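Residue numbers (this note's numbering): 1271 to 2065.
We put the CB at the ideal spot given by N, CA and C, even for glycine.
Heads up, the thing below is written out as structure tokens.
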Ligand SMILES: OC[C@H]1O[C@@H](O)[C@H](O)[C@@H](O)[C@H]1O
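Here it is, written out as structure tokens:
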């Protein structure tokens, strides 16, 4: 069976995402740019558009990048001041773009060109409007930093902006950035318009020109809260320490903290974004259904301005403080309108199950320790344009607690620390107090022994194929019998990077990594980075898509899912079965370097966007790998850092997005972290990989390590070859080893199995996970000769 991947529709799908994810923050009418106008473009970064951040999720090779000057010219709606372009081009020949010396050594920004009264004054005389581009990038292993040239403007950048401001009376500022930066000094200089354009991949400039020229009306929204100062953020106090960080802010991350305790410290709230038109949000019908555990809220959005556009209806719940304490508001639903013509309107209706605003009782004060619960009291629903400007939509009251789900004491902290508590002063204001987090009392050895899987007796005369499991002819248990201990120790190894069993230049192969495993019709399954498109270290080119933060700012799961439906076909064309994405760690602090390839400070949005990306990839049978599970919110010291975090914060915030990816996204593959969560490495954590992921959420799939990650037993020394610890946790795949069949890493699987410290049943459990995954991949279909063939058209 054969299928066309139309490259022009793929470009157009990516172009729509860029055009729905730019976020307009301020505008006095200077945008959109007027038909026929001539624009002077400032900032040297205009010649080297940041299409992505740095590291594993930003090494997509491409033939050409459409930056902002080029996209504007191709609009045929404005012209660019070409003299000023030549000044930049000629200057850049003496001061070339610094690409850096290696891996995480490419700098945050480039040194800016100093401008003269002369150059700027002359540009003004020959153009109607200035556009100033400020550029920042970031990524793996370098955290962003509160210094000039990083979170702050450099002195020459600030100079550039002041000169431009003085000599032009129409001034637009674009931030070509992976993550948020300081807007204090920008807002003070006071440009006519300010827009965040993120990093849009290889067609960024096409979609950015669309919004700048009014062909598309900006409809993007912030996925984080922009505070006035870095010290205003609740996590800053406890972030950036390479050894250990205490998550004292607990569930009060981002807008959960600011809307609750510190409204005045917010410059732009979560969900904020404007348009070239204006919208009226009118509250509608509200009903609750306590027995179904849902409510239904309606509202109507009307376009009250002079140009067509989209807006986002955002719904929030205020839970009763009760005994646990709650944030003032939590996001539970959102819906972006179609394009609405002036004076037209759309009725928006959402149905919200109660589990979206439940709370996890980790202390037992509700009488339901280790449960998601709805405390007794009044639930108020709000609807609006953002979290601040959201208004009463409905309410209901519960006389008794409702227990939404019975879970267990899992992944609890091994030491005491103080966490934030919402305490209501007698005038009803909420203030920050601190309370002790209770220490874990789980006997981990017993838990592992009590839930030990049953061994399957080996049988080497049974020549059943994995094809026979797929057909239905035999049970998976019947097939797995055939695997020797050599085969079992081999199948839990990933081979890479650049294994010759799969497409050159990809991250790994797994499944059929020996001749003996391949004889069983276990196919070799190919993994490759990354969320923003295929990284091929062979140099082959692929589609470079917008960064994750820009994806999230669309607030539009359908536009994201359409794009990744094309990426689904591109993967099959390149014989890549598993894309290492989405990255979906929470934005705990603005200064985390990898924030660019993650989505939000909110877990509902974070999970909903991840799921959209996955539904895209699943369209033609490809797949994604959710990463990094969990609490990789910091790049500094990430090989050993210890995130010390409560169960409630874990269940409601850090794990919740991943939970949604499993239950709504259909996620079948997860990747663990390089670091520690509550006193041991994630790759060998039983509570994470078996208790929560499998027993509690019902995940049926594979877990894999991060690349060359360390693993340990609790209390023990970390090593890159303790695969027995990994298998005891049901982390199924060590990624990666140069040669798996020869045990190139000298792992301890077999030695620990002879000593009885690893049970055969545990290896067989991993092998059944690997095989059941592998048989539903496109690589299995190739063996069966029933796979999709892809041809590329429009080139
Ligand atoms: O190259 C593959 C891997 O690389 C690691 O360095 C990174 O933390 C992961 O995101 C993973 O994708």
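Report task. Starting from residue 1898, follow its DSSP beta bridges and name the residues at the other end. Result -> Here residue 1898 is taken as the residue at index 628 of the chain shown, counted from 1. In the DSSP output, where bridge partners are listed per residue, residue 1898 has none listed.
Requested in this report: Report the option in 1847, 1832, 1929 whose CA atom is closest to the CA atom of residue 1873.
Outcome: Here residue 1873 refers to the residue found at position 603 when the chain shown is read from its first residue. Considering only alpha carbons, the answer is 1929.
Query raised in the report: Would residue 1861 pass as a contact of residue 1414 if the rule is Cβ separation under 9 angstroms?
Result: In the chain shown, residue 1861 corresponds to position 591, counting from 1. In the chain shown, residue 1414 corresponds to position 144, counting from 1. Contact flag set, yes.
Query raised in the report: Between the beta-carbon of residue 1805 and the beta-carbon of residue 1331, is there less than 9 angstroms?
Result: In the chain shown, the residue the question calls residue 1805 occupies position 535. In the chain shown, the residue the question calls residue 1331 occupies position 61. A contact, by the Cβ cut-off of 9 angstroms.
Query raised in the report: Hey, would you say residue 1493 sits closer than 9 angstroms to residue 1500, going by beta carbons?
Result: Taking the chain shown and counting its residues from 1, one reaches residue 1493 at position 223. Taking the chain shown and counting its residues from 1, one reaches residue 1500 at position 230. No, the pair does not count as a contact, with Cβ atoms beyond the cut-off.
Report task. Evaluate residue 1272 with the Cβ neighbour count: other Cβ atoms within 10 Å of its Cβ, from every protein chain shown; 16 or more gives buried, anything less gives exposed. Result -> The residue given as residue 1272 occupies position 2 in the chain shown. Exposed.
**Report entry** residue 1570 versus residue 1545: straight-line alpha-carbon distance, rounded
**Finding:** Residue numbering aside, residue 1570 sits at position 300 when the chain shown is read from its first letter. Residue numbering aside, residue 1545 sits at position 275 when the chain shown is read from its first letter. Approximately 18 angstroms between the Cα atoms of the pair.
Report task. Assign residue 1584 to one of three DSSP states: helix, strand, or coil. Result -> What you label residue 1584 is simply residue 314 of the chain shown in a count that begins at 1. Three-state DSSP puts residue 1584 in a strand.
Requested in this report: Could you check what DSSP says for residue 1545 in three-state terms: helix, strand or coil?
Outcome: Residue 1545 sits at position 275 when you count from the first residue of the chain shown. Coil.
Query raised in the report: If we ignore side chains and look at the alpha-carbon of each, how far apart do residue 1918 and residue 1663 end up?
Result: The residue labelled residue 1918 in the question sits at position 648 within the chain shown. The residue labelled residue 1663 in the question sits at position 393 within the chain shown. Going from the Cα of residue 1918 to the Cα of residue 1663 covers about 28 angstroms.
**Report entry** Extent of the continuous beta strand (DSSP E) to which residue 1974 belongs
**Finding:** What you label residue 1974 is simply residue 704 of the chain shown in a count that begins at 1. Per DSSP, residue 1974 belongs to the beta strand (DSSP E) from 1972-1974.
**Report entry** Outcome for residue 1739 when other beta-carbon atoms lying within 10 angstroms are tallied against a minimum of 16
**Finding:** Numbered from 1 along the chain shown, position 469 holds the residue referred to as residue 1739. Counting Cβ neighbours within 10 Å, residue 1739 comes out buried, since at least 16 surround it.
Report task. Would you be able to state if there are at least three C-beta pairs under 8 angstroms between the segment 1959-1971 and the segment 1985-1992? Result -> no
Query raised in the report: Helix, strand or coil: which one does DSSP assign to residue 1551?
Result: Reading the chain shown from its first residue, position 281 is the one you call residue 1551. Residue 1551 falls in the strand class under three-state DSSP.
Query raised in the report: Cα-Cα, which of 1543, 1406, 1485 is closest to residue 1654?
Result: Sequence index remark: in the chain shown, residue 1654 carries index 384 (1-based). Residue 1543 is the option with its Cα nearest to residue 1654.
Requested in this report: Would you check whether ligand 1 has a heavy atom nearer than 8 angstroms to the C-beta of residue 1799?
Outcome: One-based indexing of the chain shown puts residue 1799 at position 529. Answer for residue 1799: yes, Cβ within range of ligand 1.
Query raised in the report: Alpha carbon to alpha carbon, how far is residue 1780 from residue 2007?
Result: In the chain shown, the residue the question calls residue 1780 occupies position 510. In the chain shown, the residue the question calls residue 2007 occupies position 737. Approximately 11 angstroms, taken between the alpha carbons.
Report task. Return yes when at least one heavy atom of ligand 1 lies under 8 angstroms from the C-beta of residue 1944, else no. Result -> By one-based count along the chain shown, residue 1944 stands at place 674. Residue 1944 Cβ: within cutoff of ligand 1.
Query raised in the report: Can the beta-carbon of residue 1614 be found less than 9 angstroms from the beta-carbon of residue 1573?
Result: Counting from 1 along the chain shown, the entry for residue 1614 is found at position 344. Counting from 1 along the chain shown, the entry for residue 1573 is found at position 303. Yes, the Cβ-Cβ distance between residue 1614 and residue 1573 is below 9 angstroms.
Query raised in the report: Got a sec? Which residues, its chain only, sit under 7 angstroms from residue 1884 by beta carbon, not counting five neighbours each side?
Result: Numbered from 1 along the chain shown, position 614 holds the residue referred to as residue 1884. Hits under 7 angstroms: 1894, 1931, 1935, 1936, 1937.
Query raised in the report: In chain order, what residues of the same chain lie with their CB nearer than 6 angstroms to the CB of residue 1747, ignoring the 5 residues before and after it?
Result: The residue you call residue 1747 lines up with position 477 of the chain shown. 1726, listed in sequence order.
Query - Distance, residue 1589 Cα to residue 1950 Cα - result: For the purposes of this step, residue 1950 is identified with residue 680 of the chain shown, where counting begins at 1. For the purposes of this step, residue 1589 is identified with residue 319 of the chain shown, where counting begins at 1. Cα-Cα distance, rounded: 34 angstroms.
Query raised in the report: Can you tell me the Cα-Cα spacing of residue 1679 and residue 1636, whole angstroms?
Result: Residue numbering aside, residue 1679 sits at position 409 when the chain shown is read from its first letter. Residue numbering aside, residue 1636 sits at position 366 when the chain shown is read from its first letter. Near 15 angstroms, if we compare the C-alpha coordinates of residue 1636 and residue 1679.
Query raised in the report: Would a C-beta distance cut-off of 9 angstroms place residue 1910 and residue 1830 closer than the cut-off?
Result: By one-based count along the chain shown, residue 1910 stands at place 640. By one-based count along the chain shown, residue 1830 stands at place 560. Contact: no.
Report task. Could you tell me whether the Cβ atoms of residue 1624 and residue 1547 are closer together than 9 angstroms? Result -> Your numbering for residue 1624 matches position 354 in the chain shown. Your numbering for residue 1547 matches position 277 in the chain shown. In this structure, residue 1547 does not lie closer than 9 angstroms to residue 1624 by Cβ.
Query raised in the report: If we call anything under 9 angstroms between Cβ atoms a contact, is residue 1530 one with residue 1692?
Result: As a first step, residue 1530 is located in the chain shown; it is residue number 260 there, counting from the start. As a first step, residue 1692 is located in the chain shown; it is residue number 422 there, counting from the start. In contact: residue 1530 and residue 1692 (Cβ atoms closer than 9 angstroms).
Query raised in the report: Does the Cβ of residue 2066 have 16 or more other Cβ atoms within 10 Å, making it buried, or fewer, making it exposed?
Result: Outside the displayed span of the chain (1271 to 2065) sits residue 2066, for which this structure offers no information.
**Report entry** Whole-angstrom distance between residue 2033 and residue 2022, CA atom to CA atom
**Finding:** As a first step, residue 2022 is located in the chain shown; it is residue number 752 there, counting from the start. As a first step, residue 2033 is located in the chain shown; it is residue number 763 there, counting from the start. Looking at the two C-alpha atoms, the distance is approximately 11 angstroms.
Query raised in the report: What residue does the beta strand (DSSP E) around residue 1705 start on, and which one ends it?
Result: Position 435 of the chain shown holds residue 1705. Note, residue 1705: beta strand (DSSP E), 1700-1706.
Report task. With DSSP collapsed to three states, give me the class of residue 1284. Result -> Within the chain shown, residue 1284 is the residue found at index 14, counting from 1. Reduced to three states, the DSSP call for residue 1284 is helix.
Query raised in the report: Can the beta-carbon of residue 1799 be found less than 9 angstroms from the beta-carbon of residue 1851?
Result: Numbered from 1 along the chain shown, position 529 holds the residue referred to as residue 1799. Numbered from 1 along the chain shown, position 581 holds the residue referred to as residue 1851. Cβ atoms of residue 1799 and residue 1851: closer than 9 angstroms.
**Report entry** Residue from 1665, 1295, 1681, 1845 with nearest C-alpha to residue 1714
**Finding:** Residue numbering aside, residue 1714 sits at position 444 when the chain shown is read from its first letter. Nearest C-alpha to residue 1714: 1681.
Query - Residues bridged to residue 1946 (per DSSP) - result: To locate residue 1946, count along the chain shown from 1; it is residue 676. BP columns for residue 1946 point to 1912, 1951.
Query raised in the report: Is residue 1900 closer than 9 angstroms to residue 1849 when the C-beta atoms are compared?
Result: Translated into the one-based positions of the chain shown, residue 1849 becomes position 579. Translated into the one-based positions of the chain shown, residue 1900 becomes position 630. Result no, Cβ atoms of residue 1849 and residue 1900 do not sit closer than 9 angstroms.
Query raised in the report: Counting pairs of Cβ atoms below 8 angstroms between the segment 1337-1346 and the segment 1426-1434, do you hit three or more?
Result: no
Report task. List in chain order: all unbroken beta strand (DSSP E) runs of 3+ residues lying wholly within the segment 1560-1644. Result -> 1564-1573, 1582-1588, 1600-1606, 1615-1623, 1629-1631, 1641-1644
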